[PDB]
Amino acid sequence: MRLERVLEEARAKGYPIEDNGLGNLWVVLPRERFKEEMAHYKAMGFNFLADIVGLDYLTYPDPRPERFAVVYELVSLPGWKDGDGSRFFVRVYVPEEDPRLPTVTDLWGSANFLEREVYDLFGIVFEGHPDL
């Protein structure tokens, strides 16, 4: 299955794995792996970016590595070539001193609007994504 190939790789590369209960899976990606791993996910078959959700952790009780984190939802849509129907989540923490992330508009067209709504709400600049 396309899912296990992402988790088996997640352990192999050292990414944290959250198991919200369950069938929904989180893959925490450092900013250094983000741009390449996302394109790798598209190459693996995750041809649909369902949702991008930002997060401000300043009010939640327990702390996070950084204040900001941006959540990505990847789907391998039903249909062909061999759309498995797979779905998982990609989280990457963003430091509030350097609130920048690589864009994925060159990977999924739905990112242009999704990355814009996160920018307007949280001020997290996505480089390459055109603004002005």
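From 1 onward, residues are counted along the sequence shown.
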- Message: Highest mean C-alpha temperature factor of the two stretches 108-116 and 6-14, which is it?
- Response: 6-14
- Of 48-56 and 89-97, the stretch with the higher mean C-alpha B-factor in the deposited entry is 89-97
- Among the candidates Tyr41, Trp80, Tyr72, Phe34, give the one with the maximum CA B-factor reported in the record. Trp80
- Task: Would you check the entry's CA temperature factor for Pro30 and let me know if it's in the chain's lowest, middle or highest third?
- Result: middle
